[PDB]
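The next block is work13.txt, given as compact mmCIF, C-alpha atoms and all ligand atoms.
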```txt
# COMPACT_ATOMS: atom_id res chain seq x y z
CA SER A 1 21.56 -4.80 2.04
CA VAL A 2 19.29 -6.78 -0.22
CA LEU A 3 15.72 -6.79 1.07
CA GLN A 4 13.22 -9.63 0.75
CA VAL A 5 10.70 -8.90 -2.01
CA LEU A 6 7.14 -9.95 -1.14
CA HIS A 7 5.29 -12.13 -3.68
CA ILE A 8 1.59 -12.71 -4.20
CA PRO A 9 -0.56 -13.74 -2.44
CA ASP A 10 0.94 -11.66 0.40
CA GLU A 11 -1.69 -9.22 1.72
CA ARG A 12 0.93 -6.55 2.48
CA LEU A 13 1.22 -5.95 -1.25
CA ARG A 14 -2.25 -4.40 -0.97
CA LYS A 15 -1.34 -1.78 1.67
CA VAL A 16 -1.43 1.91 0.85
CA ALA A 17 1.84 3.69 1.49
CA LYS A 18 2.11 6.79 3.68
CA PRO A 19 4.04 9.79 2.41
CA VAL A 20 7.64 10.38 3.54
CA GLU A 21 7.56 13.04 6.28
CA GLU A 22 11.25 13.86 6.06
CA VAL A 23 13.96 12.76 3.63
CA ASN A 24 16.70 12.08 6.11
CA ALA A 25 19.44 9.44 6.39
CA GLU A 26 17.13 6.57 7.37
CA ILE A 27 15.28 7.27 4.16
CA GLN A 28 18.51 7.45 2.18
CA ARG A 29 19.46 3.98 3.46
CA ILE A 30 16.06 2.67 2.34
CA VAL A 31 16.95 4.08 -1.06
CA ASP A 32 20.29 2.22 -1.32
CA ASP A 33 18.86 -1.11 -0.12
CA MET A 34 16.06 -0.58 -2.62
CA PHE A 35 18.55 0.03 -5.45
CA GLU A 36 20.64 -2.97 -4.33
CA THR A 37 17.57 -5.17 -4.11
CA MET A 38 16.34 -4.04 -7.53
CA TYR A 39 19.67 -4.74 -9.21
CA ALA A 40 20.00 -8.11 -7.46
CA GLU A 41 16.51 -9.05 -8.67
CA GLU A 42 17.14 -7.75 -12.20
CA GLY A 43 14.34 -5.20 -12.19
CA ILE A 44 14.26 -1.74 -13.71
CA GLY A 45 11.97 -0.29 -11.03
CA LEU A 46 10.97 -1.13 -7.45
CA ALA A 47 8.58 0.43 -4.92
CA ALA A 48 8.92 0.51 -1.15
CA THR A 49 5.80 -1.53 -0.56
CA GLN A 50 7.16 -4.61 -2.33
CA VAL A 51 9.90 -4.65 0.34
CA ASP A 52 7.35 -4.29 3.20
CA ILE A 53 8.11 -0.60 3.73
CA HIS A 54 4.93 1.38 3.44
CA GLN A 55 6.09 4.75 2.32
CA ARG A 56 5.98 6.56 -1.01
CA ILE A 57 9.47 5.87 -2.32
CA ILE A 58 10.24 4.45 -5.78
CA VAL A 59 13.61 3.70 -7.38
CA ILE A 60 14.12 3.08 -11.11
CA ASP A 61 17.08 2.66 -13.40
CA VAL A 62 16.60 1.66 -17.01
CA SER A 63 20.25 2.40 -17.89
CA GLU A 64 22.78 -0.15 -19.08
CA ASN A 65 25.32 0.27 -16.28
CA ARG A 66 23.75 2.18 -13.37
CA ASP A 67 24.76 5.66 -14.39
CA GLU A 68 21.09 6.68 -14.58
CA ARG A 69 19.35 5.77 -11.30
CA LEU A 70 16.05 7.58 -10.66
CA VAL A 71 14.53 8.29 -7.20
CA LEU A 72 10.93 9.47 -6.71
CA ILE A 73 9.82 10.18 -3.15
CA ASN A 74 6.19 11.24 -2.67
CA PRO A 75 5.47 11.24 -6.43
CA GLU A 76 2.38 12.91 -7.81
CA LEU A 77 0.99 12.56 -11.33
CA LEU A 78 0.39 15.98 -12.88
CA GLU A 79 -0.74 14.99 -16.37
CA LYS A 80 -1.11 11.96 -18.60
CA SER A 81 -1.94 11.38 -22.23
CA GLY A 82 -2.27 8.61 -24.79
CA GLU A 83 -2.32 4.88 -24.30
CA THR A 84 0.13 1.98 -24.88
CA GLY A 85 1.43 -1.16 -23.33
CA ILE A 86 4.05 -3.84 -23.32
CA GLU A 87 4.24 -7.26 -21.75
CA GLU A 88 5.10 -6.21 -18.20
CA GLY A 89 6.66 -8.26 -15.47
CA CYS A 90 6.67 -7.86 -11.70
CA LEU A 91 9.17 -8.87 -9.05
CA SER A 92 6.29 -9.64 -6.69
CA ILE A 93 4.57 -11.75 -9.33
CA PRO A 94 7.48 -14.04 -10.35
CA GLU A 95 7.82 -15.14 -13.99
CA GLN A 96 4.42 -13.80 -15.09
CA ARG A 97 4.07 -11.25 -17.94
CA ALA A 98 1.04 -9.55 -19.45
CA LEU A 99 0.20 -6.63 -21.70
CA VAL A 100 -1.41 -3.93 -19.54
CA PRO A 101 -2.99 -0.64 -20.70
CA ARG A 102 -0.95 2.42 -19.66
CA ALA A 103 -0.87 6.12 -20.44
CA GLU A 104 1.80 6.78 -23.05
CA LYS A 105 3.06 10.08 -21.66
CA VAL A 106 3.17 11.13 -18.02
CA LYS A 107 4.28 14.24 -16.11
CA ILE A 108 5.23 13.78 -12.49
CA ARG A 109 6.40 15.84 -9.53
CA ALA A 110 8.58 14.04 -6.95
CA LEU A 111 11.43 14.58 -4.47
CA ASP A 112 14.91 13.15 -5.10
CA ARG A 113 17.31 11.43 -2.69
CA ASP A 114 18.15 14.83 -1.21
CA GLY A 115 14.52 15.74 -0.61
CA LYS A 116 14.58 18.21 -3.45
CA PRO A 117 11.52 18.61 -5.69
CA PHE A 118 11.70 17.98 -9.44
CA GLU A 119 9.31 17.48 -12.35
CA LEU A 120 9.69 14.80 -15.00
CA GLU A 121 7.97 14.38 -18.33
CA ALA A 122 8.32 10.76 -19.34
CA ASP A 123 7.27 8.63 -22.27
CA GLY A 124 8.14 5.17 -23.51
CA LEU A 125 9.29 2.48 -21.09
CA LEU A 126 9.97 5.17 -18.46
CA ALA A 127 6.30 6.29 -18.49
CA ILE A 128 5.11 2.66 -18.21
CA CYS A 129 7.54 1.85 -15.42
CA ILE A 130 6.57 4.92 -13.34
CA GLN A 131 2.85 4.02 -13.67
CA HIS A 132 3.61 0.45 -12.62
CA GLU A 133 5.57 1.48 -9.54
CA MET A 134 3.13 4.24 -8.55
CA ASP A 135 0.38 1.55 -8.59
CA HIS A 136 2.40 -0.46 -6.06
CA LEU A 137 2.18 2.45 -3.61
CA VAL A 138 -1.68 2.33 -3.44
CA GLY A 139 -1.82 -1.46 -3.36
CA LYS A 140 -2.39 -2.16 -7.09
CA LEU A 141 -0.81 -4.96 -9.12
CA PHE A 142 -0.71 -5.21 -12.94
CA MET A 143 -2.85 -8.36 -12.78
CA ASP A 144 -5.66 -6.20 -11.41
CA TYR A 145 -6.16 -4.95 -14.96
CA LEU A 146 -6.80 -8.39 -16.39
CA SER A 147 -9.90 -10.61 -16.42
CA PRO A 148 -10.87 -12.82 -13.43
CA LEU A 149 -9.83 -15.84 -15.43
CA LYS A 150 -6.39 -14.33 -16.31
CA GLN A 151 -5.84 -13.44 -12.66
CA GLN A 152 -7.05 -16.78 -11.38
CA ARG A 153 -4.45 -18.24 -13.74
CA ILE A 154 -1.57 -15.95 -12.77
CA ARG A 155 -2.29 -16.86 -9.16
CA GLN A 156 -2.20 -20.64 -9.52
CA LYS A 157 1.10 -20.42 -11.38
CA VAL A 158 3.10 -18.24 -8.98
CA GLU A 159 2.02 -20.30 -5.97
CA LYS A 160 3.49 -23.28 -7.86
CA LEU A 161 6.79 -21.48 -8.41
CA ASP A 162 7.21 -20.55 -4.75
CA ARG A 163 5.94 -23.99 -3.82
CA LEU A 164 9.44 -24.77 -5.04
CA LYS A 165 11.02 -21.51 -3.91
CA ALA A 166 11.26 -22.75 -0.37
CA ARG A 167 13.11 -25.46 -2.14
CA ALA A 168 14.49 -27.51 0.71
ZN ZN A 201 5.86 -4.73 -9.82
```
Could you take the file, read its structure, and then write that structure out as structure tokens?
Ligand SMILES: [Zn+2]
Amino acid sequence: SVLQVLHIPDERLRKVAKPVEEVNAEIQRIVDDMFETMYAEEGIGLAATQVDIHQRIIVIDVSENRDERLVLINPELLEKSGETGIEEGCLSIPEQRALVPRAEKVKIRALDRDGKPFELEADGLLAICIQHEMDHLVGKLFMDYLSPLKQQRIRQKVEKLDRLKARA
């Protein structure tokens, strides 16, 4: 199933996710809906909390044709280094993009779909995308990194979009 993605100014976007107690089949269904929803929305990453599920699950797939899906359940950041950024977008902040400072390299520990632990050293777009999605899990949005004015702007704009989203 495709899940409804929350947009700003929804307050549920600011909730902190609880860790997954057990990676069982209810979790694995959350994973497939999350993947489906992400592909339907044309994202490369998506966190549980954007779909109103407040648990530490992220899916990502940067690959051309879905042969490289990535699942991180209860991720933890082990190390980071460097700094970069690109003009990010967010499914919950429709049609807005902004350069955001990120660490350039990142080392994480997470569980996969099967509840197995793995470690991942990422750089490039992958590193940026993981940092973005991990922020979602503690209630952070990329616009939180920008000035009051920039945010104030990003907020007017999206409300206008969705104004017309319910289109009627
Ligand atoms: Zn996002």
Using only C-alpha atoms: which of A:7, A:21, A:120, A:52 has the shortest distance to residue 165 of chain A: A:7
Report as a list in words all protein, DNA and RNA residues lying within 8 Å of residue 137 of chain A, evaluated on only C-alpha atoms, omitting residues in the same chain fewer than 6 positions from it. residues 15, 16, 17, 47, 48, 49, 54, 55 and 56 of chain A
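Residue nearest residue 46 of chain A within the list A:121, A:65, A:152, A:72: A:72 [criterion: smallest interatomic distance, only C-alpha atoms].
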Could you pull the residues within 8 Å of residue 112 of chain A, counting only C-alpha atoms, minus those fewer than 5 positions along the same chain, as a ChimeraX atom specification? /A:70-73,117-118
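In this structure, atom CA of residue 29 of chain A sits 16.3 Å away from atom CA of residue 74 of chain A.
You will find atom CA of residue 139 of chain A at 19.8 Å from atom CA of residue 37 of chain A.
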Within 7 Å of ligand ZN 201 (chain A), which residues show up when you count all atoms listed in the file? List them as a ChimeraX atom specification, please. /A:46,89-92,132-133,136,141
Separation of atom CA of residue 59 of chain A from atom CA of residue 166 of chain A, in Å and rounded to one decimal: 27.5 Å
Supply segment 32-63 of chain A as a PDB file, in the frame of the given file, with N, CA and C atoms built in where the input has gaps.
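Below is the file part_13.pdb, written as the result:
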```
ATOM      1  N   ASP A  32      19.161   3.027  -0.851  1.00  0.00           N
ATOM      2  CA  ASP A  32      20.290   2.220  -1.320  1.00  0.00           C
ATOM      3  C   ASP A  32      20.008   0.719  -1.278  1.00  0.00           C
ATOM      4  N   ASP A  33      19.314   0.283  -0.227  1.00  0.00           N
ATOM      5  CA  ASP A  33      18.860  -1.110  -0.120  1.00  0.00           C
ATOM      6  C   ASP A  33      17.876  -1.426  -1.247  1.00  0.00           C
ATOM      7  N   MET A  34      17.059  -0.431  -1.585  1.00  0.00           N
ATOM      8  CA  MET A  34      16.060  -0.580  -2.620  1.00  0.00           C
ATOM      9  C   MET A  34      16.715  -0.721  -3.983  1.00  0.00           C
ATOM     10  N   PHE A  35      17.698   0.141  -4.260  1.00  0.00           N
ATOM     11  CA  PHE A  35      18.550   0.030  -5.450  1.00  0.00           C
ATOM     12  C   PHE A  35      19.309  -1.291  -5.527  1.00  0.00           C
ATOM     13  N   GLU A  36      19.931  -1.691  -4.428  1.00  0.00           N
ATOM     14  CA  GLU A  36      20.640  -2.970  -4.330  1.00  0.00           C
ATOM     15  C   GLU A  36      19.723  -4.142  -4.603  1.00  0.00           C
ATOM     16  N   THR A  37      18.559  -4.105  -3.965  1.00  0.00           N
ATOM     17  CA  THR A  37      17.570  -5.170  -4.110  1.00  0.00           C
ATOM     18  C   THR A  37      17.079  -5.262  -5.552  1.00  0.00           C
ATOM     19  N   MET A  38      16.838  -4.099  -6.163  1.00  0.00           N
ATOM     20  CA  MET A  38      16.340  -4.040  -7.530  1.00  0.00           C
ATOM     21  C   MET A  38      17.368  -4.629  -8.476  1.00  0.00           C
ATOM     22  N   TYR A  39      18.621  -4.228  -8.328  1.00  0.00           N
ATOM     23  CA  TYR A  39      19.670  -4.740  -9.210  1.00  0.00           C
ATOM     24  C   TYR A  39      19.901  -6.242  -9.015  1.00  0.00           C
ATOM     25  N   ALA A  40      19.822  -6.698  -7.767  1.00  0.00           N
ATOM     26  CA  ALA A  40      20.000  -8.110  -7.460  1.00  0.00           C
ATOM     27  C   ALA A  40      18.898  -8.940  -8.082  1.00  0.00           C
ATOM     28  N   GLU A  41      17.690  -8.368  -8.135  1.00  0.00           N
ATOM     29  CA  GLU A  41      16.510  -9.050  -8.670  1.00  0.00           C
ATOM     30  C   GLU A  41      16.375  -8.943 -10.189  1.00  0.00           C
ATOM     31  N   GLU A  42      17.163  -8.046 -10.772  1.00  0.00           N
ATOM     32  CA  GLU A  42      17.140  -7.750 -12.200  1.00  0.00           C
ATOM     33  C   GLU A  42      15.841  -7.049 -12.591  1.00  0.00           C
ATOM     34  N   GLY A  43      15.469  -6.031 -11.817  1.00  0.00           N
ATOM     35  CA  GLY A  43      14.340  -5.200 -12.190  1.00  0.00           C
ATOM     36  C   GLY A  43      14.833  -3.875 -12.722  1.00  0.00           C
ATOM     37  N   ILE A  44      13.938  -3.104 -13.327  1.00  0.00           N
ATOM     38  CA  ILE A  44      14.260  -1.740 -13.710  1.00  0.00           C
ATOM     39  C   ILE A  44      13.574  -0.689 -12.830  1.00  0.00           C
ATOM     40  N   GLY A  45      12.668  -1.153 -11.972  1.00  0.00           N
ATOM     41  CA  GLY A  45      11.970  -0.290 -11.030  1.00  0.00           C
ATOM     42  C   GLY A  45      11.568  -1.117  -9.833  1.00  0.00           C
ATOM     43  N   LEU A  46      11.345  -0.461  -8.700  1.00  0.00           N
ATOM     44  CA  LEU A  46      10.970  -1.130  -7.450  1.00  0.00           C
ATOM     45  C   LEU A  46      10.345  -0.096  -6.517  1.00  0.00           C
ATOM     46  N   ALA A  47       9.228  -0.446  -5.896  1.00  0.00           N
ATOM     47  CA  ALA A  47       8.580   0.430  -4.920  1.00  0.00           C
ATOM     48  C   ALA A  47       8.702  -0.101  -3.504  1.00  0.00           C
ATOM     49  N   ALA A  48       8.667   0.822  -2.550  1.00  0.00           N
ATOM     50  CA  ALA A  48       8.920   0.510  -1.150  1.00  0.00           C
ATOM     51  C   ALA A  48       8.030  -0.618  -0.666  1.00  0.00           C
ATOM     52  N   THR A  49       6.787  -0.644  -1.142  1.00  0.00           N
ATOM     53  CA  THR A  49       5.800  -1.530  -0.560  1.00  0.00           C
ATOM     54  C   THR A  49       6.006  -2.984  -0.918  1.00  0.00           C
ATOM     55  N   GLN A  50       6.735  -3.248  -2.008  1.00  0.00           N
ATOM     56  CA  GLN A  50       7.160  -4.610  -2.330  1.00  0.00           C
ATOM     57  C   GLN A  50       8.192  -5.153  -1.330  1.00  0.00           C
ATOM     58  N   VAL A  51       8.948  -4.252  -0.689  1.00  0.00           N
ATOM     59  CA  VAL A  51       9.900  -4.650   0.340  1.00  0.00           C
ATOM     60  C   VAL A  51       9.366  -4.508   1.783  1.00  0.00           C
ATOM     61  N   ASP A  52       8.043  -4.403   1.907  1.00  0.00           N
ATOM     62  CA  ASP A  52       7.350  -4.290   3.200  1.00  0.00           C
ATOM     63  C   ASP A  52       7.677  -2.984   3.925  1.00  0.00           C
ATOM     64  N   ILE A  53       7.942  -1.932   3.159  1.00  0.00           N
ATOM     65  CA  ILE A  53       8.110  -0.600   3.730  1.00  0.00           C
ATOM     66  C   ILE A  53       7.037   0.272   3.118  1.00  0.00           C
ATOM     67  N   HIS A  54       6.139   0.775   3.953  1.00  0.00           N
ATOM     68  CA  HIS A  54       4.930   1.380   3.440  1.00  0.00           C
ATOM     69  C   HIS A  54       4.995   2.877   3.469  1.00  0.00           C
ATOM     70  N   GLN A  55       5.773   3.344   2.496  1.00  0.00           N
ATOM     71  CA  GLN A  55       6.090   4.750   2.320  1.00  0.00           C
ATOM     72  C   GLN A  55       6.300   5.013   0.828  1.00  0.00           C
ATOM     73  N   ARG A  56       5.932   6.206   0.390  1.00  0.00           N
ATOM     74  CA  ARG A  56       5.980   6.560  -1.010  1.00  0.00           C
ATOM     75  C   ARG A  56       7.381   6.892  -1.541  1.00  0.00           C
ATOM     76  N   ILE A  57       8.135   5.819  -1.761  1.00  0.00           N
ATOM     77  CA  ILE A  57       9.470   5.870  -2.320  1.00  0.00           C
ATOM     78  C   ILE A  57       9.521   4.866  -3.485  1.00  0.00           C
ATOM     79  N   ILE A  58       9.936   5.340  -4.654  1.00  0.00           N
ATOM     80  CA  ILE A  58      10.240   4.450  -5.780  1.00  0.00           C
ATOM     81  C   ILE A  58      11.663   4.705  -6.284  1.00  0.00           C
ATOM     82  N   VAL A  59      12.386   3.624  -6.572  1.00  0.00           N
ATOM     83  CA  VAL A  59      13.610   3.700  -7.380  1.00  0.00           C
ATOM     84  C   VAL A  59      13.442   3.031  -8.758  1.00  0.00           C
ATOM     85  N   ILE A  60      14.169   3.554  -9.736  1.00  0.00           N
ATOM     86  CA  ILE A  60      14.120   3.080 -11.110  1.00  0.00           C
ATOM     87  C   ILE A  60      15.493   3.311 -11.716  1.00  0.00           C
ATOM     88  N   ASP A  61      15.908   2.411 -12.585  1.00  0.00           N
ATOM     89  CA  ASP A  61      17.080   2.660 -13.400  1.00  0.00           C
ATOM     90  C   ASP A  61      17.003   1.746 -14.616  1.00  0.00           C
ATOM     91  N   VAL A  62      16.786   2.371 -15.763  1.00  0.00           N
ATOM     92  CA  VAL A  62      16.600   1.660 -17.010  1.00  0.00           C
ATOM     93  C   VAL A  62      17.958   1.522 -17.721  1.00  0.00           C
ATOM     94  N   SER A  63      18.974   2.213 -17.193  1.00  0.00           N
ATOM     95  CA  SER A  63      20.250   2.400 -17.890  1.00  0.00           C
ATOM     96  C   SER A  63      21.101   1.149 -17.874  1.00  0.00           C
TER      97      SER A  63
END
```
